[PDB]
Amino acid sequence: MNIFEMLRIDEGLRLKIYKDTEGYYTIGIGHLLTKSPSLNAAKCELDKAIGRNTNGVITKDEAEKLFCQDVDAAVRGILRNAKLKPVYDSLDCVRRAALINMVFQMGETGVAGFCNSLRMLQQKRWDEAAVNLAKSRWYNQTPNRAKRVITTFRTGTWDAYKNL
């Protein structure tokens, strides 16, 4: 299991524009196109992202290319963030993937504000961090995904992604 396979499980793969869990136009492996309610706006974003007139449909290769970029962008933003970089650097490879997953879903700013959960992760108080991370809108709105990510932080294993 790795960050690509983990996010592929959590995000799915769809080749036509769809609405994500928040109602926002998305395509591929959770590639957010826009928060605009305008499907036309989402279509401009998509053609710009792919570099051709897509008419709202892409190929699997194209979806995987956006995913390559999106995972990289999540890591790059962690490394540029004064709150997230020390946490990321303190973590092992598996728990780093859990942090990347959170940032992919909610963005760098949101995750960076969880000052108590981040501290507990930095302190390697894994059960405490897991309890604290569940006190969140994130956990309540996407509990099955959050439980998997939290188990990854708690255990440092991929156990929550086995059988999926």
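Letter by letter, the sequence shown follows residues 1 to 164 of the deposited numbering. Every residue, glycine too, gets a C-beta built ideally from N, C-alpha and C.
Just verifying my parser: in three-state terms, what is the DSSP assignment at residue i?
| i | result |
| --- | --- |
| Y18 | strand |
| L164 | coil |
| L32 | strand |
From what residue to what residue does the alpha helix (DSSP H) around residue i run?
| i | result |
| --- | --- |
| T151 | 143 to 155 |
| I100 | 93 to 106 |
| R125 | From DSSP, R125 is part of no alpha helix (DSSP H); its letter is neither H nor E. |
| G77 | 60 to 80 |
| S90 | 84 to 90 |
| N40 | 39 to 50 |
| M6 | 3 to 11 |
Whole angstroms is fine: what's the gap from residue i's alpha carbon to residue j's?
| i | j | result |
| --- | --- | --- |
| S117 | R52 | 42 Å |
| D92 | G156 | 8 Å |
| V57 | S38 | 17 Å |
| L84 | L133 | 15 Å |
| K48 | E62 | 12 Å |
| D159 | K147 | 11 Å |
| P143 | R95 | 18 Å |
| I50 | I17 | 13 Å |
| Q105 | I150 | 14 Å |
| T54 | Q123 | 47 Å |
| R137 | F114 | 12 Å |
Tell me whether residue i is buried or exposed, calling it buried when 16 or more other Cβ atoms sit within 10 Å of its Cβ.
| i | result |
| --- | --- |
| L46 | buried |
| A73 | exposed |
| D10 | buried |
| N101 | buried |
| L121 | buried |
| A42 | buried |
| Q141 | exposed |
| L13 | exposed |
| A82 | exposed |
| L79 | exposed |
| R125 | exposed |
| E108 | buried |
| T152 | buried |
What are the start and end residues of the beta strand (DSSP E) that includes residue i?
| i | result |
| --- | --- |
| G28 | 25 to 28 |
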